[PDB]
Amino acid sequence: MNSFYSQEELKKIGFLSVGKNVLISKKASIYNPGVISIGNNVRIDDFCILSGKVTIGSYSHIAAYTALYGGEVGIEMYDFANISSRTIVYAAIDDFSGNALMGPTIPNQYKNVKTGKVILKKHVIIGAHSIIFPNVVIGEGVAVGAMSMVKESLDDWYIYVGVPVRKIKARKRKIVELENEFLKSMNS
Amino acid sequence: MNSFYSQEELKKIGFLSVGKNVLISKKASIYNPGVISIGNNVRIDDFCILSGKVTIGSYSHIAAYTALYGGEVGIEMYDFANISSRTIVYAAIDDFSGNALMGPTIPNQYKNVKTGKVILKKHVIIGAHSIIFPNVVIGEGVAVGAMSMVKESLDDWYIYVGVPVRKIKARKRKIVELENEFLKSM
Amino acid sequence: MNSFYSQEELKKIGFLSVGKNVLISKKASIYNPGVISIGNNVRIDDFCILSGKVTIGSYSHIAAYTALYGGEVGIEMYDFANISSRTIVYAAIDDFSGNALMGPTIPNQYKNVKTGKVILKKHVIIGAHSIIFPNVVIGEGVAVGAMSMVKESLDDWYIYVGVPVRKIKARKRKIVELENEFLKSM
Ligand SMILES: C[C@H](O)CC(=O)SCCNC(=O)CCNC(=O)[C@H](O)C(C)(C)COP(=O)(O)OP(=O)(O)OC[C@H]1O[C@@H](n2cnc3c(N)ncnc32)[C@H](O)[C@@H]1OP(=O)(O)O
Ligand SMILES: C[C@H](O)CC(=O)SCCNC(=O)CCNC(=O)[C@H](O)C(C)(C)COP(=O)(O)OP(=O)(O)OC[C@H]1O[C@@H](n2cnc3c(N)ncnc32)[C@H](O)[C@@H]1OP(=O)(O)O
Ligand SMILES: C[C@H](O)CC(=O)SCCNC(=O)CCNC(=O)[C@H](O)C(C)(C)COP(=O)(O)OP(=O)(O)OC[C@H]1O[C@@H](n2cnc3c(N)ncnc32)[C@H](O)[C@@H]1OP(=O)(O)O
Ligand SMILES: Cc1cn([C@H]2C[C@H](O)[C@@H](COP(=O)(O)OP(=O)(O)O)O2)c(=O)[nH]c1=O
Ligand SMILES: Cc1cn([C@H]2C[C@H](O)[C@@H](COP(=O)(O)OP(=O)(O)O)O2)c(=O)[nH]c1=O
Ligand SMILES: Cc1cn([C@H]2C[C@H](O)[C@@H](COP(=O)(O)OP(=O)(O)O)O2)c(=O)[nH]c1=O
Ligand SMILES: [Cl-]
């Protein structure tokens, strides 16, 4: 079986924009579709939450249980980015230091929210069960491993692991040759 | 949108007690609501599970995917405590040692269940993707970092991290002033 | 309350095979039930996903949020195996090296998918918030701790923790006696 919205159901959601061959589980939660833009060949699985400003490009899988909280500043994924199961991307988070009250039950003047656009560049893969914090640019071709925590931007074409992550090895660039091949074969 | 019960449907759930401005997701699961008590100004998000004896105070967010397994002994949160997404708090867990059988498919006499009330004191924050095991007090103003695991009671006003957690620095107590200031305004 | 199908409805899913005393949440997702078999005395909780080929024996709990992505090669659990909440078992994953494109939006010829059957032998327990990767045999009686990642087969009767896992101590085998004692009683 599958849990995906039909094309009929999709156009009734009211995305700021949505492309072709978009498969979106009826069991995901989509909050504020008015600020959510999605390209072509995108699949979003059961129990995902997309909230606030989120922009997804094309050829991207958001695997089950993944939450994207784009808030006002937004989360943006470029083409060929993918996010494995049970990841959270936060574009805003509370201050844990004890210098501020916390969370949605408390008015803003008492909090100290850190917020900043989160960008996943082309070919980024986030491994399962990871967390990405606000104001983070995940550079082009970065892979982060399973159970990763990323609090700061990550330099392009490396593999990172750990809590918080550290750089462990280069990511190979062959995938860019494969991208160009795949795309060329779609044009001719 | 929003996925929350109206005041009207909340009253119909049959909670032991429920305050005002309580926003519970329709995509949460609530089992045994008659032993669940929720104070005022509480938000419980999609895909949470509250099961068995659970008591939440006021000014508390239980973020999405979080499971509170209160059992008979209970989990209690005090005011201004908050739990980030994908946390589990267990009040009962099976013995992993190899000395017992395990889980809800096996009769009690064969299992060796560790159980004890769990309490999150005032101003506790539990970071995302964390697990709290039974019979523990998360002390007043403690912050536990993301992806951490707690098996013992935690001393007040520290920040802890890791699996299992260790203490890394004091929690600032400015939030106490902020609490007083806020409530006054109220 | 509880969320399970009645045995009446269980029959209308179309599992390859499904035993008695099987409690499957209505809030779990089951994909390709035709290649799923389940034994007796099994409980699968809310927000689980069972996808592709998955064979579960008897006296097993698959706790809330757990996903079992069996693909074509399959995941198999033997009797008395249990999986705690928020675990993922993968029978197929993409190559992260940069030598291949990845995931379901891309044709197979550009990918380099690692696939291989995952087997949890009798008495295996997997701790919460864990990840098991393809082509892994988790040996009889193995316990894996919470928040652990397993990429290789694990030796029988040991306890493993960490990311990726390391062996820490032997598992006690009193359970083998308990199983014998319990089966008699029936
Ligand atoms: C979205 C699309 O649909 C795709 C999918 O969903 S695929 C399904 C999801 N898949 C995953 O999440 C896979 C994640 N894979 C990993 O984490 C892999 O371990 C990895 C690619 C990051 C590294 O693997 P590999 O390159 O084989 O490196 P390996 O030799 O195993 O480990 C190198 C070092 O990192 C450590 N390490 C590896 N993975 C780690 C992790 N996730 N966290 C912490 N440490 C890790 C090892 O301990 C080792 O340290 P040492 O050098 O100090 O001994
Ligand atoms: C519920 C309400 O709605 C609120 C929300 O939901 S907010 C969204 C959820 N937010 C979160 O989960 C944030 C969690 N934050 C963290 O884990 C932060 O890292 C932290 C607050 C624990 C510590 O941050 P900070 O004080 O800036 O410490 P930092 O300098 O990064 O690290 C100190 C040490 O801890 C380590 N560390 C930090 N966080 C860690 C973690 N989560 N696990 C393990 N180690 C950690 C660092 O490696 C460093 O170790 P070293 O001194 O040995 O090098
Ligand atoms: C499905 C059925 O319904 C059953 C259930 O759902 S039960 C609910 C879910 N329960 C769980 O997930 C429980 C998981 N339990 C654990 O992870 C336990 O820590 C454990 C059983 C693996 C080990 O506990 P114990 O044997 O008491 O060992 P302990 O002394 O605490 O730790 C030994 C070493 O391992 C480390 N360690 C323990 N657990 C760890 C873990 N999960 N990850 C990494 N390190 C761990 C300790 O730091 C210590 O390290 P050191 O030797 O370097 O100091
Ligand atoms: C994980 C998942 C699968 N499915 C469906 C559609 C998928 O084609 C099918 C099996 O998917 P999956 O287990 O993701 O395997 P693959 O995509 O590698 O074949 O089940 C859903 O509808 N929603 C989900 O969240
Ligand atoms: C995450 C989440 C949001 N929502 C709704 C109510 C929220 O006001 C809105 C967005 O919430 P959220 O994404 O948490 O951001 P914020 O806390 O800044 O509002 O969508 C739910 O109903 N359930 C949920 O689980
Ligand atoms: C966790 C969970 C519980 N329940 C219901 C049925 C269970 O008998 C009841 C209590 O479950 P739980 O809180 O897991 O504890 P126990 O081991 O005592 O069963 O809640 C569900 O229906 N689905 C779920 O996912
Ligand atoms: Cl989850």
# chains A, B, ... in the order shown; residues from 1 in each chain; ligands from 1
$ residues_near_ligand --ligand "ligand 3" --cutoff "8 Å" --atoms "only C-alpha atoms and all ligand atoms" --output "PyMOL selection string"
(chain B and resi 90+92-97+102-104+133+149+151+163-164) or (chain C and resi 60-63+82-85+125-129+143-148+159-163+165+168-169)
$ select_by_dssp --residues "range 12-131 of chain B" --states "strand (DSSP E or B)" --output "compact mmCIF listing (two decimals) with N, CA, C and O atoms, in the first residue's frame"
# COMPACT_ATOMS: atom_id res chain seq x y z
N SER B 17 -7.94 16.05 35.81
CA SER B 17 -8.14 17.48 35.88
C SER B 17 -7.49 18.08 34.63
O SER B 17 -6.48 17.55 34.15
N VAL B 18 -8.07 19.15 34.09
CA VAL B 18 -7.48 19.90 32.99
C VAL B 18 -7.78 21.38 33.14
O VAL B 18 -8.94 21.77 33.34
N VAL B 22 -5.36 24.97 27.40
CA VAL B 22 -4.63 23.72 27.22
C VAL B 22 -4.87 23.37 25.76
O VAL B 22 -6.04 23.25 25.34
N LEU B 23 -3.78 23.20 25.01
CA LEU B 23 -3.85 22.91 23.58
C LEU B 23 -3.21 21.53 23.47
O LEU B 23 -1.98 21.39 23.64
N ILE B 24 -4.06 20.53 23.24
CA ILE B 24 -3.62 19.16 22.99
C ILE B 24 -3.86 18.76 21.54
O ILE B 24 -5.01 18.79 21.07
N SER B 25 -2.81 18.33 20.83
CA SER B 25 -3.02 17.77 19.50
C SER B 25 -3.94 16.56 19.36
O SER B 25 -3.84 15.54 20.06
N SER B 29 -1.74 10.54 21.30
CA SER B 29 -2.50 9.48 21.97
C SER B 29 -2.56 9.66 23.49
O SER B 29 -1.55 9.91 24.17
N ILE B 30 -3.76 9.50 24.04
CA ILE B 30 -3.96 9.66 25.48
C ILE B 30 -4.60 8.37 25.98
O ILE B 30 -5.67 7.97 25.53
N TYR B 31 -3.92 7.64 26.85
CA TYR B 31 -4.45 6.39 27.38
C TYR B 31 -4.62 6.61 28.88
O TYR B 31 -3.73 7.15 29.54
N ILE B 36 -4.73 11.30 34.33
CA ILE B 36 -3.95 12.39 33.77
C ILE B 36 -4.49 13.74 34.18
O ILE B 36 -5.67 14.07 34.03
N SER B 37 -3.59 14.52 34.77
CA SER B 37 -3.93 15.85 35.28
C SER B 37 -3.02 16.85 34.58
O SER B 37 -1.79 16.65 34.52
N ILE B 38 -3.63 17.91 34.08
CA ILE B 38 -2.92 18.95 33.35
C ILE B 38 -3.35 20.31 33.92
O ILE B 38 -4.55 20.60 33.99
N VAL B 42 -0.71 24.88 28.73
CA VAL B 42 0.01 23.64 28.45
C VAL B 42 -0.27 23.36 26.98
O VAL B 42 -1.41 23.51 26.51
N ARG B 43 0.76 22.89 26.28
CA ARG B 43 0.61 22.53 24.87
C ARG B 43 1.30 21.18 24.69
O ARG B 43 2.43 20.99 25.16
N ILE B 44 0.58 20.24 24.08
CA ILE B 44 1.02 18.87 23.85
C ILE B 44 0.87 18.67 22.34
O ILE B 44 -0.24 18.73 21.80
N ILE B 49 2.60 10.66 23.09
CA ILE B 49 1.81 9.64 23.78
C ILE B 49 1.89 9.97 25.26
O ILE B 49 3.00 10.03 25.84
N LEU B 50 0.73 10.19 25.87
CA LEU B 50 0.65 10.14 27.33
C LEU B 50 -0.10 8.89 27.80
O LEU B 50 -1.26 8.68 27.46
N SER B 51 0.53 8.07 28.63
CA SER B 51 -0.06 6.79 28.99
C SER B 51 -0.01 6.62 30.51
O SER B 51 1.05 6.83 31.10
N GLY B 52 -1.15 6.31 31.14
CA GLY B 52 -1.12 6.03 32.58
C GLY B 52 -0.92 7.30 33.38
O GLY B 52 -1.27 8.35 32.89
N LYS B 53 -0.42 7.24 34.61
CA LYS B 53 -0.46 8.37 35.55
C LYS B 53 0.55 9.47 35.20
O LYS B 53 1.77 9.27 35.31
N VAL B 54 0.03 10.59 34.74
CA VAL B 54 0.83 11.71 34.27
C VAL B 54 0.22 12.98 34.88
O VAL B 54 -0.97 13.22 34.73
N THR B 55 1.04 13.81 35.52
CA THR B 55 0.59 15.09 36.06
C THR B 55 1.50 16.19 35.54
O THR B 55 2.73 16.14 35.73
N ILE B 56 0.92 17.16 34.86
CA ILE B 56 1.65 18.30 34.32
C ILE B 56 1.04 19.51 35.02
O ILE B 56 -0.18 19.58 35.14
N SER B 60 3.82 24.78 30.37
CA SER B 60 4.58 23.59 29.96
C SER B 60 4.27 23.17 28.53
O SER B 60 3.11 23.06 28.15
N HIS B 61 5.34 22.89 27.78
CA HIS B 61 5.21 22.46 26.39
C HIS B 61 5.75 21.03 26.38
O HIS B 61 6.83 20.76 26.89
N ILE B 62 4.97 20.12 25.81
CA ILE B 62 5.40 18.74 25.59
C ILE B 62 5.47 18.68 24.07
O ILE B 62 4.45 18.60 23.39
N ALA B 67 6.94 10.81 24.43
CA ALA B 67 6.18 9.72 25.07
C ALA B 67 6.38 9.86 26.59
O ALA B 67 7.53 9.90 27.06
N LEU B 68 5.28 9.91 27.35
CA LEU B 68 5.38 9.87 28.82
C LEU B 68 4.68 8.61 29.28
O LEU B 68 3.45 8.55 29.19
N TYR B 69 5.44 7.59 29.65
CA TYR B 69 4.85 6.34 30.11
C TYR B 69 4.77 6.31 31.63
O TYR B 69 5.73 5.87 32.26
N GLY B 70 3.66 6.80 32.20
CA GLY B 70 3.56 7.01 33.64
C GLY B 70 3.24 5.76 34.43
O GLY B 70 3.53 5.69 35.64
N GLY B 71 2.64 4.76 33.80
CA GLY B 71 2.40 3.52 34.55
C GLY B 71 1.46 3.77 35.73
O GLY B 71 0.62 4.69 35.69
N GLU B 72 1.61 2.97 36.78
CA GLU B 72 0.92 3.22 38.04
C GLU B 72 1.62 4.26 38.93
O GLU B 72 0.96 5.08 39.56
N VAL B 73 2.95 4.26 38.94
CA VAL B 73 3.70 5.16 39.81
C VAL B 73 3.70 6.63 39.41
O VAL B 73 3.79 7.50 40.28
N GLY B 74 3.65 6.90 38.11
CA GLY B 74 3.46 8.28 37.70
C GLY B 74 4.71 9.04 37.30
O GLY B 74 5.84 8.76 37.70
N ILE B 75 4.47 10.01 36.44
CA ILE B 75 5.45 11.01 36.10
C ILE B 75 4.77 12.32 36.47
O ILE B 75 3.59 12.53 36.15
N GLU B 76 5.51 13.19 37.16
CA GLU B 76 5.00 14.50 37.50
C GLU B 76 5.93 15.57 36.96
O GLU B 76 7.14 15.47 37.17
N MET B 77 5.39 16.58 36.27
CA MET B 77 6.14 17.78 35.96
C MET B 77 5.63 18.99 36.76
O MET B 77 4.42 19.18 36.85
N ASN B 82 9.52 21.82 30.71
CA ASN B 82 9.21 21.71 29.28
C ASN B 82 10.01 20.51 28.75
O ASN B 82 11.12 20.27 29.23
N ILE B 83 9.44 19.81 27.77
CA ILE B 83 10.16 18.63 27.30
C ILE B 83 10.28 18.82 25.78
O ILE B 83 9.28 18.99 25.11
N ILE B 88 11.58 10.39 25.56
CA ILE B 88 10.77 9.45 26.30
C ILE B 88 11.08 9.58 27.79
O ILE B 88 12.25 9.62 28.21
N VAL B 89 10.01 9.62 28.58
CA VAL B 89 10.16 9.44 30.03
C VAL B 89 9.48 8.14 30.45
O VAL B 89 8.28 7.96 30.20
N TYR B 90 10.20 7.22 31.09
CA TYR B 90 9.62 5.92 31.48
C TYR B 90 9.47 5.95 32.99
O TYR B 90 10.44 6.27 33.69
N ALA B 92 8.46 2.90 34.25
CA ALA B 92 8.67 1.47 34.48
C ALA B 92 9.52 0.95 33.31
O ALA B 92 9.31 1.36 32.17
N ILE B 93 10.53 0.14 33.59
CA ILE B 93 11.29 -0.47 32.47
C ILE B 93 11.70 -1.90 32.82
O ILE B 93 11.84 -2.23 34.01
N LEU B 101 12.73 -12.38 31.88
CA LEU B 101 11.96 -12.09 30.68
C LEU B 101 11.46 -10.64 30.65
O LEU B 101 11.59 -9.91 31.64
N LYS B 111 9.30 -11.38 35.05
CA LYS B 111 9.95 -10.15 34.63
C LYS B 111 10.58 -9.54 35.87
O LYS B 111 10.34 -10.02 36.97
N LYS B 114 11.83 -2.44 36.76
CA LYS B 114 12.31 -1.31 37.55
C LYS B 114 11.27 -0.21 37.43
O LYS B 114 11.00 0.28 36.33
N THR B 115 10.72 0.20 38.57
CA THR B 115 9.72 1.26 38.51
C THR B 115 9.89 2.24 39.68
O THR B 115 10.41 1.86 40.73
N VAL B 118 8.70 9.35 38.48
CA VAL B 118 9.70 10.29 37.96
C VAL B 118 9.19 11.73 38.17
O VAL B 118 8.02 12.01 37.90
N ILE B 119 10.02 12.64 38.68
CA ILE B 119 9.61 14.04 38.81
C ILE B 119 10.54 15.00 38.05
O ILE B 119 11.78 14.84 38.12
N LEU B 120 9.96 15.91 37.29
CA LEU B 120 10.71 16.99 36.69
C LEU B 120 10.30 18.22 37.49
O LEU B 120 9.14 18.64 37.47
N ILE B 125 14.27 21.76 31.77
CA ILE B 125 14.10 21.61 30.31
C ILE B 125 14.84 20.32 29.90
O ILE B 125 15.98 20.07 30.32
N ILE B 126 14.13 19.51 29.12
CA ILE B 126 14.71 18.27 28.64
C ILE B 126 14.95 18.54 27.15
O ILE B 126 14.02 18.86 26.40
N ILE B 131 16.26 10.52 26.81
CA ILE B 131 15.47 9.50 27.48
C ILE B 131 15.70 9.62 28.99
O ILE B 131 16.85 9.81 29.40
$ interface_residues --of "chain C" --to "chain B" --cutoff "7 Å" --atoms "only C-alpha atoms" --output "ChimeraX atom specification"
/C:1-2,41-42,59-61,143,171-175,178
$ residues_around --residues "residue 71 in chain A" --least-positions-apart "4" --cutoff "10 Å" --atoms "only C-alpha atoms" --output "PyMOL selection string"
chain A and resi 35+50-54+75+90-93+115-117
$ closest_atom_pairs --of "chain C" --to "ligand 6" --cutoff "6 Å" --atoms "only C-alpha atoms and all ligand atoms" --output "tab-separated table"
residue	atom	partner	partner_atom_place_in_ligand_line	distance
C:2	CA	ligand 6	22 (O)	3.3
C:3	CA	ligand 6	22 (O)	3.8
C:4	CA	ligand 6	22 (O)	5.8
C:25	CA	ligand 6	23 (N)	5.9
C:45	CA	ligand 6	25 (O)	3.8
C:46	CA	ligand 6	25 (O)	3.7
C:64	CA	ligand 6	25 (O)	5.1
$ write_last_selection --atoms "N, CA and C atoms" --output "mmCIF file, in the first residue's frame"
data_model
loop_
_atom_site.group_PDB
_atom_site.id
_atom_site.type_symbol
_atom_site.label_atom_id
_atom_site.label_comp_id
_atom_site.auth_asym_id
_atom_site.auth_seq_id
_atom_site.Cartn_x
_atom_site.Cartn_y
_atom_site.Cartn_z
ATOM 1 N N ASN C 2 -7.230 1.880 24.474
ATOM 2 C CA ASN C 2 -6.173 1.271 23.671
ATOM 3 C C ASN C 2 -6.489 1.456 22.203
ATOM 4 N N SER C 3 -5.515 1.263 21.343
ATOM 5 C CA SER C 3 -5.669 1.617 19.937
ATOM 6 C C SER C 3 -5.701 0.406 19.003
ATOM 7 N N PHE C 4 -5.842 -0.816 19.505
ATOM 8 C CA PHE C 4 -5.553 -1.964 18.643
ATOM 9 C C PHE C 4 -6.687 -2.381 17.700
ATOM 10 N N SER C 25 -1.573 -1.654 16.876
ATOM 11 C CA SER C 25 -2.165 -0.330 16.780
ATOM 12 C C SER C 25 -2.701 0.074 15.417
ATOM 13 N N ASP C 45 2.953 -1.189 18.623
ATOM 14 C CA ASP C 45 2.329 0.020 19.169
ATOM 15 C C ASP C 45 2.157 1.212 18.256
ATOM 16 N N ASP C 46 1.614 2.332 18.746
ATOM 17 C CA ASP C 46 1.304 3.490 17.890
ATOM 18 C C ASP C 46 2.539 3.988 17.118
ATOM 19 N N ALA C 64 6.394 1.727 20.557
ATOM 20 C CA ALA C 64 5.910 2.867 19.786
ATOM 21 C C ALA C 64 7.001 3.557 18.965
#
$ closest_residue --among "A:47, A:157, A:110, A:133" --to "ligand 7" --atoms "only C-alpha atoms and all ligand atoms"
A:47
$ closest_residue --among "A:55, A:135, A:99, A:6" --to "chain B" --atoms "only C-alpha atoms"
A:99
$ interface_residues --of "chain A" --to "chain C" --cutoff "7 Å" --atoms "only C-alpha atoms" --output "list in words"
residues 1, 2, 41, 42, 59, 60, 61, 143, 171, 172, 173, 174, 175 and 178 of chain A
$ decode --residues "range 53-123 of chain A" --atoms "C-alpha atoms" --output "PDB file, in the first residue's frame"
ATOM      1  CA  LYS A  53       8.475  28.532   6.075  1.00  0.00           C
ATOM      2  CA  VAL A  54       9.993  25.511   4.315  1.00  0.00           C
ATOM      3  CA  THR A  55      11.335  25.444   0.706  1.00  0.00           C
ATOM      4  CA  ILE A  56      12.246  22.072  -0.823  1.00  0.00           C
ATOM      5  CA  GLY A  57      13.749  21.777  -4.335  1.00  0.00           C
ATOM      6  CA  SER A  58      13.651  18.674  -6.525  1.00  0.00           C
ATOM      7  CA  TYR A  59      14.772  15.041  -6.115  1.00  0.00           C
ATOM      8  CA  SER A  60      14.493  15.025  -2.291  1.00  0.00           C
ATOM      9  CA  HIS A  61      13.253  12.435   0.160  1.00  0.00           C
ATOM     10  CA  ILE A  62      12.108  13.550   3.660  1.00  0.00           C
ATOM     11  CA  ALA A  63      11.944  10.131   5.442  1.00  0.00           C
ATOM     12  CA  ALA A  64       9.361   9.206   8.139  1.00  0.00           C
ATOM     13  CA  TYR A  65       9.197  11.076  11.475  1.00  0.00           C
ATOM     14  CA  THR A  66      11.266  14.031  10.273  1.00  0.00           C
ATOM     15  CA  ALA A  67      10.195  17.412  11.584  1.00  0.00           C
ATOM     16  CA  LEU A  68      11.100  20.601   9.766  1.00  0.00           C
ATOM     17  CA  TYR A  69      10.289  23.682  11.920  1.00  0.00           C
ATOM     18  CA  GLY A  70      10.958  26.603   9.593  1.00  0.00           C
ATOM     19  CA  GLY A  71       9.366  29.299  11.787  1.00  0.00           C
ATOM     20  CA  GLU A  72       9.546  32.718  10.125  1.00  0.00           C
ATOM     21  CA  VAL A  73      13.103  32.629   8.819  1.00  0.00           C
ATOM     22  CA  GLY A  74      12.637  29.346   7.034  1.00  0.00           C
ATOM     23  CA  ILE A  75      14.386  26.120   6.132  1.00  0.00           C
ATOM     24  CA  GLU A  76      15.576  25.689   2.548  1.00  0.00           C
ATOM     25  CA  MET A  77      16.766  22.476   0.864  1.00  0.00           C
ATOM     26  CA  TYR A  78      18.435  22.714  -2.571  1.00  0.00           C
ATOM     27  CA  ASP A  79      18.086  19.997  -5.219  1.00  0.00           C
ATOM     28  CA  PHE A  80      19.344  16.433  -4.499  1.00  0.00           C
ATOM     29  CA  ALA A  81      19.271  17.057  -0.725  1.00  0.00           C
ATOM     30  CA  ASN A  82      17.711  14.247   1.377  1.00  0.00           C
ATOM     31  CA  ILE A  83      16.885  13.819   5.026  1.00  0.00           C
ATOM     32  CA  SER A  84      16.755  10.411   6.686  1.00  0.00           C
ATOM     33  CA  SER A  85      14.216   9.227   9.273  1.00  0.00           C
ATOM     34  CA  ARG A  86      13.582  10.945  12.584  1.00  0.00           C
ATOM     35  CA  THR A  87      15.631  14.107  11.970  1.00  0.00           C
ATOM     36  CA  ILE A  88      14.668  17.499  13.402  1.00  0.00           C
ATOM     37  CA  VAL A  89      15.659  20.743  11.749  1.00  0.00           C
ATOM     38  CA  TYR A  90      14.959  23.783  13.872  1.00  0.00           C
ATOM     39  CA  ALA A  91      15.035  27.317  12.461  1.00  0.00           C
ATOM     40  CA  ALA A  92      14.305  28.668  15.942  1.00  0.00           C
ATOM     41  CA  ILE A  93      15.190  27.330  19.422  1.00  0.00           C
ATOM     42  CA  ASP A  94      15.050  28.535  23.017  1.00  0.00           C
ATOM     43  CA  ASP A  95      17.973  29.495  25.192  1.00  0.00           C
ATOM     44  CA  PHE A  96      18.909  26.537  27.472  1.00  0.00           C
ATOM     45  CA  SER A  97      21.312  28.604  29.622  1.00  0.00           C
ATOM     46  CA  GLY A  98      18.853  29.648  32.355  1.00  0.00           C
ATOM     47  CA  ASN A  99      18.966  33.245  31.105  1.00  0.00           C
ATOM     48  CA  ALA A 100      15.444  33.148  29.615  1.00  0.00           C
ATOM     49  CA  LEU A 101      12.084  31.489  30.034  1.00  0.00           C
ATOM     50  CA  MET A 102      11.244  28.951  27.331  1.00  0.00           C
ATOM     51  CA  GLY A 103       8.729  27.649  24.840  1.00  0.00           C
ATOM     52  CA  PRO A 104       5.357  28.454  23.257  1.00  0.00           C
ATOM     53  CA  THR A 105       3.483  28.918  26.555  1.00  0.00           C
ATOM     54  CA  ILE A 106       5.566  32.029  27.370  1.00  0.00           C
ATOM     55  CA  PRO A 107       5.448  35.491  25.741  1.00  0.00           C
ATOM     56  CA  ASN A 108       8.477  36.571  23.689  1.00  0.00           C
ATOM     57  CA  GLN A 109       9.709  39.379  25.897  1.00  0.00           C
ATOM     58  CA  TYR A 110      10.721  36.785  28.497  1.00  0.00           C
ATOM     59  CA  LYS A 111      12.511  34.410  26.110  1.00  0.00           C
ATOM     60  CA  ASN A 112      15.758  34.537  24.202  1.00  0.00           C
ATOM     61  CA  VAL A 113      15.020  32.696  20.962  1.00  0.00           C
ATOM     62  CA  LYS A 114      17.883  32.057  18.545  1.00  0.00           C
ATOM     63  CA  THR A 115      16.598  31.998  14.996  1.00  0.00           C
ATOM     64  CA  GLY A 116      18.257  32.036  11.561  1.00  0.00           C
ATOM     65  CA  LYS A 117      17.631  30.443   8.175  1.00  0.00           C
ATOM     66  CA  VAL A 118      18.825  26.836   7.866  1.00  0.00           C
ATOM     67  CA  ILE A 119      20.071  25.916   4.380  1.00  0.00           C
ATOM     68  CA  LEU A 120      20.869  22.433   3.133  1.00  0.00           C
ATOM     69  CA  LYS A 121      22.882  22.772  -0.111  1.00  0.00           C
ATOM     70  CA  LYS A 122      22.747  20.453  -3.103  1.00  0.00           C
ATOM     71  CA  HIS A 123      23.665  16.820  -2.428  1.00  0.00           C
TER      72      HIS A 123
END
